[PDB]
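Trainee:
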Amino acid sequence: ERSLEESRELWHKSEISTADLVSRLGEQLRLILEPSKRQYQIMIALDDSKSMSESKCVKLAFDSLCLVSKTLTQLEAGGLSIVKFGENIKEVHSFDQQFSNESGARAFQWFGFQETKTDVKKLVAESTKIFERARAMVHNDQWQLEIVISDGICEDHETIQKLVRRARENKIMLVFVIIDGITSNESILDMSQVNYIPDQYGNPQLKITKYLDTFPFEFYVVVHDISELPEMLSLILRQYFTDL
Amino acid sequence: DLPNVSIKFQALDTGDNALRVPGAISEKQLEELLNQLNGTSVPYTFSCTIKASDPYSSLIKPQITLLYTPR
Amino acid sequence: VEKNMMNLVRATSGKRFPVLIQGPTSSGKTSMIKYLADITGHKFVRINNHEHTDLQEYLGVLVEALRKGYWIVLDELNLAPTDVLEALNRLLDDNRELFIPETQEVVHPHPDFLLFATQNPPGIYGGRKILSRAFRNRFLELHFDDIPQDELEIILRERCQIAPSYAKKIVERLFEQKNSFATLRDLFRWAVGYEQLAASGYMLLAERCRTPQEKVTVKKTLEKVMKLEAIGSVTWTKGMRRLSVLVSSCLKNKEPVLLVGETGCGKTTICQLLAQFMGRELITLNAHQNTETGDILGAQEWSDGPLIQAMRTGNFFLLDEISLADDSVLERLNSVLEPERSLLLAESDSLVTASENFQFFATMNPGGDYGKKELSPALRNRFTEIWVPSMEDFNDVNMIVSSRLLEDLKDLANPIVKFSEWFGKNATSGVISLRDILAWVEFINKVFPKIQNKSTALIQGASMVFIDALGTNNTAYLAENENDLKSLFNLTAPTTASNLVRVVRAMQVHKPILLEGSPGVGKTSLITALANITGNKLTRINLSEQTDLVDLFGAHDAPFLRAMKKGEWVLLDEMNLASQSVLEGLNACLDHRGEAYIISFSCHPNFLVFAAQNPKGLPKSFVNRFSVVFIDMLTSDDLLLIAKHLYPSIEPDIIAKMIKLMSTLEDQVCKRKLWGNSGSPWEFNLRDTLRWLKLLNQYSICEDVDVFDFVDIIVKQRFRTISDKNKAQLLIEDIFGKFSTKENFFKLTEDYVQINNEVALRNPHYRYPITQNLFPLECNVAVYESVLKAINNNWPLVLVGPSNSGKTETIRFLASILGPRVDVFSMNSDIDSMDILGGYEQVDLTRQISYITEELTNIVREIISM
Amino acid sequence: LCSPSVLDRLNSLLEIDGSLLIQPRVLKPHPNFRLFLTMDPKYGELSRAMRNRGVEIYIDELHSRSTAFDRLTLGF
Amino acid sequence: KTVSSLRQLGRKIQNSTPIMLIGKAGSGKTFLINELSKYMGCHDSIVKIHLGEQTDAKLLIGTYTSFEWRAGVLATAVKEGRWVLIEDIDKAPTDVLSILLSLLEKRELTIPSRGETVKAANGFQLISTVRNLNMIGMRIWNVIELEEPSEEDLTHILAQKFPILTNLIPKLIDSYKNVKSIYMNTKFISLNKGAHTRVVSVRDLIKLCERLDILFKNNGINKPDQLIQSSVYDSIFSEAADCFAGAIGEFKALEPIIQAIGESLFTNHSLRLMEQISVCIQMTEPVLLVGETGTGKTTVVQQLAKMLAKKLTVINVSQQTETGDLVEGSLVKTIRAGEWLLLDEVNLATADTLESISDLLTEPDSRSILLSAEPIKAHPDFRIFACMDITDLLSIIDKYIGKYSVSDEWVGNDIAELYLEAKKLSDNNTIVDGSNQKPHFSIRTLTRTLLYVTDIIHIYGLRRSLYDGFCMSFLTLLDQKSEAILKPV
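Here the protein sequences line up with chains A, B, C, D and E, keeping their order.
Numbered according to UniProt numbering, the first sequence spans residues 4623 to 4657, 4699 to 4907.
Numbered according to UniProt numbering, the second sequence spans residues 28 to 44, 48 to 71, 75 to 83, 87 to 91, 102 to 108, 116 to 124.
Numbered according to UniProt numbering, the third sequence spans residues 1061 to 1119, 1135 to 1247, 1260 to 1278, 1283 to 1318, 1335 to 1407, 1473 to 1519, 1523 to 1600, 1606 to 1668, 1719 to 1785, 1798 to 1840, 1845 to 1861, 1869 to 2119.
Numbered according to UniProt numbering, the fourth sequence spans residues 2216 to 2237, 2246 to 2299.
Numbered according to UniProt numbering, the fifth sequence spans residues 293 to 358, 365 to 429, 444 to 577, 628 to 688, 812 to 857, 862 to 877, 907 to 1007.
(1) Pairing CB atoms from the segment 483-491 of chain E with CB atoms from the segment 307-320 of chain E, are three or more of them under 8 Å?
(2) Buried or exposed for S983 of chain E, going by 16 or more other Cβ atoms inside 10 Å?
(3) Checking the sheet assignment: what are the DSSP bridge partners for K4747 of chain A?
(4) Quick test of your reading: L651 of chain E and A875 of chain E, contact by CB under 8 Å. State the CB separation rounded to the nearest angstrom.
(5) If the cut-off is 7 Å on Cβ atoms, which residues from the segment 4821-4841 of chain A count as contacting chain E, listed in chain order?
(6) Opposite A1394 of chain C in the DSSP bridges: which residues?
(7) Less than 7 Å between the beta carbons of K1753 of chain C and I1884 of chain C, yes or no?
(8) Quick one: what's got a C-beta closer than 8 Å to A671 of chain E's C-beta in the same chain, skipping five residues either side?
(9) Which residues in the same chain have their Cβ closer than 6 Å to the Cβ of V679 of chain E, if we skip the five residues on either side of it in sequence?
(10) Can you tell which of C:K1991, C:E1936, C:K1980 and C:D1221 has its C-alpha closest to the C-alpha of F1963 of chain C?
(11) Which residues does DSSP list as the beta-bridge partners of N1108 of chain C?
(12) Could one say the Cβ of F563 of chain E lies closer than 7 Å to chain A's Cβ atoms, at least one of them?
(13) State yes or no: is the C-beta of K389 of chain E within less than 7 Å of the C-beta of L466 of chain E?
(14) Which of the three DSSP states is assigned to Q571 of chain E in this structure?
(15) Interface residues of chain A around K941 of chain E at Cβ under 8 Å?
(16) Could you check whether the Cβ of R2294 of chain D sits closer than 7 Å to any Cβ belonging to chain C?
(17) Starting from the C-beta of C521 of chain E, find all residues in its chain whose C-beta is less than 6 Å away, skip the five residues before and the five after it, and write them out in chain order.
(18) So which of E:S400, E:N420, E:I325 and E:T374 has the shortest CA-CA distance to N307 of chain E?
(19) If distances are taken between C-alpha atoms only, which option among E:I854, E:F549 and E:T427 comes closest to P568 of chain E?
(20) Starting from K4780 of chain A, find everything on chain B with Cβ-Cβ shorter than 8 Å and list it in chain order.
(21) What residue range does the alpha helix (DSSP H) around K1310 of chain C cover?
(22) Would a C-beta distance cut-off of 7 Å place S329 of chain E and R380 of chain E closer than the cut-off?
(23) Could you spell out where the alpha helix (DSSP H) holding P123 of chain B opens and where it closes?
(24) Is it right to say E1622 of chain C is buried, meaning 16 or more other beta carbons lie within 10 angstroms of its own, or is it exposed?
(25) For a quick check, are the C-beta atoms of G1486 of chain C and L1526 of chain C less than 7 Å apart?
(26) Just the C-alpha distance for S1993 of chain C and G1651 of chain C, rounded to the nearest angstrom, thanks.
(27) Check the C-beta distance from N1720 of chain C over to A1761 of chain C and give it rounded, since I have them as a contact under 8 Å.
(28) Please classify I1245 of chain C: is it buried, with 16 or more other beta-carbons within 10 angstroms of its beta-carbon, or exposed?
(29) Can you tell me the Cβ-Cβ gap for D1499 of chain C and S1551 of chain C, rounded? I've got them flagged as a contact below 8 Å.
(30) Taking a contact to mean a Cβ-Cβ separation below 7 Å, would you say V1105 of chain C touches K1094 of chain C in this structure?
(31) Would you please verify whether the beta carbon of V2278 of chain D is less than 7 Å from any beta carbon of chain C?
(32) Taking the continuous beta strand (DSSP E) assigned at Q423 of chain E, which residues delimit it?
(33) In whole angstroms, give me the CA-to-CA distance for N1064 of chain C and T1072 of chain C.
(34) Is it the case that the segment 1285-1303 of chain C contacts the segment 1561-1578 of chain C, given that we only count it when at least three CB pairs across the two stretches are under 8 Å?
(35) Taking 7 Å as the threshold (beta carbon to beta carbon), is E62 of chain B in contact with chain A?
(36) Cutting at 7 Å between CB atoms, please list the residues of its own chain near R2114 of chain C, excluding the five before and the five after it.
What follows is the structure in structure tokens.
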């Protein structure tokens, strides 16, 4: 855990740098949100991985995160919650909780970015349980989302596919954001992968494949700038306000 | 379960892989990957994390940029 | 995909089995069944689009299906209309018995019947169809195949240039572009600098002025890996290669081109340059939002539209209002493209000539129009994209449009002051100069002197407070006046009177008039003065922050409409945050057309509009509005001078006028730094101190003092009963002396009442019987004081309380002493059509007799007592 | 549930010398007619044309205003 | 000490004035008022309303007929003078509070748009029963708060009425505490078990009436010491607390063995419904409740149509005018006869008269409805009805004509796929692929060899299994479906 003061300082810094973007996206949302009967249960993943110790995506990440928090703070036709993860889980802000700059500073205070694993399926299960909790303690038809934030640190995807099935069965969405290095030439499109072929005895036929090919999600975006997820989520909420 | 470990490969004369994400393995079965990248299927030496310049539990730190060259 | 064709032959083996297909639309899907319906030797594919029906449109897809009909078909079910989905699950019952009582038609399951269905799934949405999984239950699920090589193969059966764009324009991403580029590479090997260059120019055309993006750059990069003398009134050298591209598209192919972009910057001159350079073309203004869908072609004999002639012969068309038009009519128009120049007909019903040199053309609305939205995606793959080159980093392009005028001097004066404005903080200034020439081309009222420059600084200089409200903008107007000469509410001395004819400078065309400043403060008073100064002029104030056409238009009958087509002007207030649904209706009614539409109704022999802004969120359609002004807000001495004109007949008290007048205004400064709040428009005015003034000339208060005995109603009791309310006393004792007095005195008579200052009469011969007997309160005598103050000065009242302590109790007490009747009206769902307008009664007989009965009662009471 | 675009009809029977619309049956006030309104601040916010115009008065709850006589003339 | 609340109510009506009545769901809020009219004598003359928003918002106060006037109900209630009851007013339209503010206005007043104004005569009284925006309603009404207690009245309420208990007081509370506890987690799994209609101790009083018939299946005795009957009336005693529901079966592990002991278990599945309907009609009115779809329900429609009496149904979604005279209403005859009646797909077009019909067949007096025409009390032989798969495995394959030793894994394929159909299909095309459409489609699959040439079914199932799970594969899972095509072999 960090000091609250430097976390709040960098929080206010990112809050300032994103001010124009949160303002213009928020007023764009205000133009459309009006025609309640149904609402949103939104939550975000906040990694604490070694991937955040590399490639300096923490800058763009924390900018986008304070941006979306400040944006969703102002609409208030539904709930907003916060949970972080390394390979562990930790809530920082519930749906009925009310958000402050101090809360965002605290949320940034808890990271160290020192891991070697990521329990994204445990994260899925915990988020699923808490969205079930939300839908229980909220009456009665309202949609939910978790947004997954990491470059991709996984030991399996076949569990995660049927997890996505069971999650889609709950009127919940799971939106991976393909986090990619901004200071690195490295990219997910260049990320290869090993394929052990034990029917052909493994080693003599190790095929070269992609992380993308086994990628269990369906809704995802590679990003090299902060604006992309904001404008895409703008499209998402525009689709909702078109429907509702 | 054993953790997935991402390695990059850059020869002693500044070669290049981008990196690749296999499962957990030791420091022996990688010459096969090297020689299929070469398309020559040759013994090679290794070095990385110069830490103290390591060539499975030697491979336990995390990213890795593996050095290598024919011995 | 012929795999799916054989699987569909396998699907047709069993009849009375509802089928359904899902997958990409227009990706070979319907073409397969249309290719099949002749191969099977059965009747032809019927198809009917259902996103809205009336059940004589549907009644007839089924009426066809009888008597060896083919069978029913649906093109799209994802956005099917919810009005008709219950008698369609009736059809999913194979044991149905279909007796429709509209025409009393009885029907059973037909032999030749097949409920064909077609649908697109959701995209990035979390479940989007209007179809239920229970309605899905009796439906044979299918998925549609898709091969990548198909784009190579259509050009393989015959060479073309839209065979490139047959599925390539949909890119509008990166991986899609690369894969379609690989298809175009395999195309490039197939029967090249000719169509390589042509598709390169087409790629460069899709983003000519759509955006400054480098998508065209990466496109031509990966293509390098894959590697005129017209005549018109205007040359438009920018459009030279543009018209070369247009001629080549018209020439190499029948490829219809679709314009989208900024009008008056290439959209208009090109149509003239074309029709001058060549004939054969029906160049015409053809709009379709409300026009009939047959009369656009002509129908009943058989009439002839404009488009029927362009279908008959042409090299060009010009249809307008097309993004704001009906998609169903325009997909019926899908055959005038590469398919034969021929469409649906009934009753002329002959096939019409087709020429591959024909190139159907239309244009979409300017970027500011709300109707430019609702773009059809079906019409952005079957066409060619082209954007109007906008003017940026040029000031000679305006010079041609300024030179066309009789007086060439606008070319000298407009650009210099335009540049000084741009120096003080450009194509929007070109739009303003475009408005200015129209302002001046309208100007012939004087001798037509060199006063155009004196005029055009108001619209440009004075209107700068919108984009940047700043204390130095007056000096910016002064500097613009210096460059101008270089290029060369009450009748009251303050600039509020200058503002009056300053507005009349704008009364040239005047569709709207937008305004800024703290509204109602001199603003509404100015128009009230206008109504007084000119006779025969009605106006009606109209708020709008949450509203509806029914509070504005009625079922026909409404105040805005009763005012429209009857007067010449309507006031408006508080358009800070309007509906954005009625705003469509506002921009629809009276641009210069008059007749409204969404339902329609004729208007405008003469009628004007006013408006305001409360300093945010506002659309560009609000910025679209043709006229903009900033008002001159008041100045402290200006208010003193209208007051000193009105009141000083007895004791002007101008020093005390100043003190009370600064009190209510300084309280606004004190308010906006959190002096507590009980309401949203919690501000102050002149009207407060004017009411103070009006009571200060009370005829006979029954006292020789009323100085500091009006701070109980206008500063004090408006604000909540709280410790902060003492701080208002602190403030107004920091400006004025102190005085305190007797807190209560109520005692009454049979003739006169008397409450702490004020007396009032009570009518004998009647009072209203009030059960739940009342008595005065030792507290709250201060409130019945102000109530009697109001109904003696005739001011309406509002009271605010926590639902106890007596709000209706107050009035009901006093109206037992002196009162006539009271008619309470509790507002719990009512609306403008209920607040005043009673409903309608079928008979209306004994209801009416209550009036004469009650009248006889109330008169017989007084006469018998007399 | 009065929906402030209703009360705009009452802009013509207000502090301004009034006249109401309603063919020709047009009416103006009677020379004893006056008008009164009530509200609760949890809804509140009536209109800027009826709070900086007209007159507004607060009324706190009763038993924080009252005097012992006012309490005593009530069953309390 | 309910009578404390009853004396409280007697105090509030001591001065004839309105009152609000509030409490947790199902404390028998109607119980106190249904008891009151016995004392004060207005049950044959009360006016009562379940709630009117989809059958009425203005007809209660009335409307003309083009060529006569028709005075509404509530207008007559006021003018002739009598009680009026509103049920769950918080659910009412705000239009209906706008009129009730006038009844809480001085003169106790009502005013139509007829020129009249109607004053309450001396026998008026308004009463509310509740489970917002009109504060004068919250201001003038006297709240009274009901609560029927735990752990002492639950034995008492029976102990003086049907005094047969030596194993129920340990069991009633055990059922109630846990059914109320599982009620928290059954809604946590709201997928199809959903928002269960709340439990009332009135259902435990139905179970008193259910313990009457087990003693009709036994004889009067201080203790029946029968294990199986104490165990059969363990499962059934726990079952009347439930109804048709989503059927996940979490409570099925708890339900049979719920006191200390138990174990789980043409018409095979219908047998359970065919016996439960017998249990419910055997315990006749005031209760019936069904949420099972009418599709699977029609076997019972045919059953009771040939048991000893007949029946019918009427659609309620469409506007029906045969309820009364227009020529007399045809529904007046089935009540006049002993013929029963179901209602297809309840939508509440008219159900005011029907809620009076609910509690007729019972010992006190209760009139069905009046006309103006054949008023009537009831029929003593009558029972209304209401409308909105693991033993049929053999019955589903029994669809086949036969004439051949078929492998019974034709339906093993069905469940083997259906297990995956809500587990793993790679987010099929965007959405839940299916977990309820596939058995109906499985019987549909047998229908495809009908309307098909004479050709063997062994060749068909492997062509037709492809045709069944075609889009289900989605070309992302086409080898696990290849095994689905192998099981036919």
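Where a beta carbon is used, it is the ideal one built from N, C-alpha and C, also for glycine.
Mentor: In this structure, then:
(1) no
(2) Working through the fifth sequence from its first residue, we reach residue 983 of chain E at position 465. Answer is buried; the Cβ neighbour count reaches 16.
(3) Stepping through the first sequence from its first residue, residue 4747 of chain A is reached at position 84. According to DSSP, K4747 of chain A bridges with A:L4709 and A:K4753.
(4) Numbered from its first residue, the fifth sequence carries residue 651 of chain E at position 289. Numbered from its first residue, the fifth sequence carries residue 875 of chain E at position 386. The pair is a contact, with the Cβ atoms about 7 Å apart (cut-off 8 Å).
(5) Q4824, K4825, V4827, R4828, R4831 and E4832
(6) What you label residue 1394 of chain C is simply residue 287 of the third sequence in a count that begins at 1. In the DSSP output, where bridge partners are listed per residue, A1394 of chain C has C:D1492.
(7) By 1-based counting over the third sequence, the position of residue 1753 of chain C is 523. By 1-based counting over the third sequence, the position of residue 1884 of chain C is 631. Yes, the Cβ-Cβ distance between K1753 of chain C and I1884 of chain C is below 7 Å.
(8) Translated into positions along the fifth sequence, residue 671 of chain E becomes position 309. The residues are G823, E824, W825 and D870.
(9) Here residue 679 of chain E corresponds to residue number 317 of the fifth sequence, with the count starting at 1. These residues qualify, in order along the chain: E830 and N832.
(10) Sequence index remark: in the third sequence, residue 1963 of chain C carries index 710 (1-based). Nearest of C:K1991, C:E1936, C:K1980 and C:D1221 to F1963 of chain C, Cα basis: C:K1991.
(11) Residue 1108 of chain C sits at position 48 when you count from the first residue of the third sequence. Looking at the DSSP assignment, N1108 of chain C forms a beta bridge with C:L1149.
(12) Taking the first residue of the fifth sequence as 1, we reach residue 563 of chain E at position 251. Not an interface residue.
(13) Mapped onto the fifth sequence, residue 389 of chain E falls at position 91. Mapped onto the fifth sequence, residue 466 of chain E falls at position 154. Cβ distance not < 7 Å, so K389 of chain E and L466 of chain E don't count as in contact.
(14) Position 259 of the fifth sequence, counted from the first residue, corresponds to residue 571 of chain E. Of the three classes helix, strand and coil, the one that applies to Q571 of chain E here is coil, per DSSP.
(15) For the purposes of this step, residue 941 of chain E is taken as the residue at position 423 of the fifth sequence. Within chain A, the residues near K941 of chain E are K4825, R4828 and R4829.
(16) One-based indexing of the fourth sequence puts residue 2294 of chain D at position 71. Judged by the 7 Å Cβ criterion, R2294 of chain D is not in contact with chain C.
(17) Residue mapping note: residue 521 of chain E aligns to position 209 of the fifth sequence, counting from 1. Contacts found: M645.
(18) The sequence position of residue 307 of chain E within the fifth sequence is 15, counting from 1. Checked all of E:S400, E:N420, E:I325 and E:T374; the closest Cα to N307 of chain E is E:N420.
(19) The residue given as residue 568 of chain E occupies position 256 in the fifth sequence. Out of E:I854, E:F549 and E:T427, E:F549 has the C-alpha closest to the C-alpha of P568 of chain E.
(20) As a first step, residue 4780 of chain A is located in the first sequence; it is residue number 117 there, counting from the start. Simply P30.
(21) Position 219 of the third sequence holds residue 1310 of chain C. Residues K1306 to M1317.
(22) As a first step, residue 329 of chain E is located in the fifth sequence; it is residue number 37 there, counting from the start. As a first step, residue 380 of chain E is located in the fifth sequence; it is residue number 82 there, counting from the start. Taking 7 Å as the Cβ cut-off, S329 of chain E and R380 of chain E do not qualify as a contacting pair.
(23) As a working mapping, residue 123 of chain B is identified with position 70 in the second sequence. Here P123 of chain B belongs to no alpha helix (DSSP H); instead the beta strand (DSSP E) covers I117 to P123.
(24) Here residue 1622 of chain C refers to the residue found at position 442 of the third sequence. Burial call: exposed.
(25) Locating residue 1486 of chain C in the third sequence gives position 314, where the first residue counts as 1. Locating residue 1526 of chain C in the third sequence gives position 351, where the first residue counts as 1. Not a contact, by the Cβ cut-off of 7 Å.
(26) Counted from its first residue, the third sequence places residue 1993 of chain C at position 740. Counted from its first residue, the third sequence places residue 1651 of chain C at position 471. Straight-line Cα distance between these residues: approximately 43 Å.
(27) As a working note, residue 1720 of chain C is residue 490 in the third sequence. As a working note, residue 1761 of chain C is residue 531 in the third sequence. Not confirmed; about 14 Å, so no contact.
(28) Residue mapping note: residue 1245 of chain C aligns to position 170 of the third sequence, counting from 1. So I1245 of chain C counts as exposed.
(29) Within the third sequence, numbered from 1, the residue matching residue 1499 of chain C stands at position 327. Within the third sequence, numbered from 1, the residue matching residue 1551 of chain C stands at position 376. The pair is a contact, with the Cβ atoms about 5 Å apart (cut-off 8 Å).
(30) Stepping through the third sequence from its first residue, residue 1105 of chain C is reached at position 45. Stepping through the third sequence from its first residue, residue 1094 of chain C is reached at position 34. Yes; because the gap between Cβ atoms is below 7 Å, this pair is in contact.
(31) Along the fourth sequence, one-based indexing puts residue 2278 of chain D at 55. Chain C, which has a Cβ nearer than 7 Å to the Cβ of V2278 of chain D, makes this yes.
(32) To locate residue 423 of chain E, count along the fifth sequence from 1; it is residue 125. That run of the beta strand (DSSP E) goes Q423 to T427.
(33) The count along the third sequence starts at 1 and reaches residue 1064 of chain C at position 4. The count along the third sequence starts at 1 and reaches residue 1072 of chain C at position 12. Using only the alpha carbons, I get a separation of about 12 Å.
(34) yes
(35) In the second sequence, residue 62 of chain B corresponds to position 32, counting from 1. Chain A, which has a Cβ nearer than 7 Å to the Cβ of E62 of chain B, makes this yes.
(36) Start at 1 with the first residue of the third sequence, and residue 2114 of chain C comes out as number 861. Excluding residues within five positions, the ones whose Cβ falls inside 7 Å are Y2019.
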